[PDB]
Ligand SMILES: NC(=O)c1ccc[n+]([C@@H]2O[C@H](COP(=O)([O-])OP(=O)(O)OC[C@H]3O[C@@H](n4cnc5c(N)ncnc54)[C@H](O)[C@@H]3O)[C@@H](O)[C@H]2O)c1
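A single chain comes next, written as structure tokens; it is the form deposited without the ligand.
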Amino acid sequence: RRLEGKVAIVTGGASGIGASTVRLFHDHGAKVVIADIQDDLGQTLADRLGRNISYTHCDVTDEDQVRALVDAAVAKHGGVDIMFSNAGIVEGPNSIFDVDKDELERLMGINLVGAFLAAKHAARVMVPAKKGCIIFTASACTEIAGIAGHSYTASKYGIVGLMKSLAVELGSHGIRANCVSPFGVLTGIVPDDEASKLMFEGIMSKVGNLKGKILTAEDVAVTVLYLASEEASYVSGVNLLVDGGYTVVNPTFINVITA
């Protein structure tokens, strides 16, 4: 359909949002290369999807590995059209007294430095092609505070600013750099049959502002499909939230005055 004959690299594409983006991009004609370090999940997936889907282990904290993944993909299919820097690790809401200098630098390496390096080499191969699309995974905590840890928030804020400066610089060559800032999708925490899904799906019905629909990974996948489609040929520098209006309301006032 929308991605017939396009080539995509999806870091973290073996689990959660990346896996759904990978399945979706496959469904729309794209030549996709799963990139992750969960090698069983990743390689099994790229073989389950099949002919147009490859896998490539890549630690985003090692530039040699990153440069290798892009150049391998360039050699297999001909070029890179979509670069989805999804790989990251999360941190729930916490205190600054729970920030460990070690855990902090590790979190930053995976989230932000992985984003820089993934972008740097995506740009390196895209500039000569004068065509392309780069999409970062930030989070809703970029527009509101209180749904993520301090280091995780700070890492995703930097991801947003990087995406911005990328749109300016990389615009000169006609390739776009956008974000997506989804919410808490039911893929990160451990699954256990139907009890966990229904209870967590009920709490999302509680906390979310837009009630009646629940955020799946496929939902974030189609947002990225649009953001990566040529239907967005003039969208760049945009941090498109998929939050149902959570980051635009502090209902403390209404709820206190309704008691």
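Counting begins at 1, following the sequence as shown. Only the largest set of C-alpha atoms that superpose within 1.5 Å between the two forms is called the rigid core.
Note that the form solved in complex with the ligand isn't included here; everything after this is about it.
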*Looking at 137 to 145, 162 to 170, 115 to 123, 74 to 82, which lies within 4.5 angstroms of the ligand in the bound PDB entry, counting heavy atoms?*
137 to 145
*With heavy atoms only and a cut-off of 4.5 Å, decide whether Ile17 touches the ligand in the bound PDB entry.*
yes
*Give a yes/no on whether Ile89 approaches the ligand to within 4.5 Å in the bound PDB entry, heavy atoms considered.*
yes
*Is there a non-hydrogen atom of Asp59 within 4.5 angstroms of a non-hydrogen atom of the ligand in the bound PDB entry?*
yes
*the ligand contact in the bound PDB entry: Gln43, any heavy atom under 4.5 Å*: no
*Let me know which residues along 181 to 220 have a heavy atom within 4.5 Å of the ligand in the bound PDB entry, or say none if there are none.*
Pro182, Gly184, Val185, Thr187, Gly188
*Superposing on the rigid core, which residue among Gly158, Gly188, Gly109, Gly171 shifts its Cα by at least 2 Å between this form and the one not shown?*
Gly188
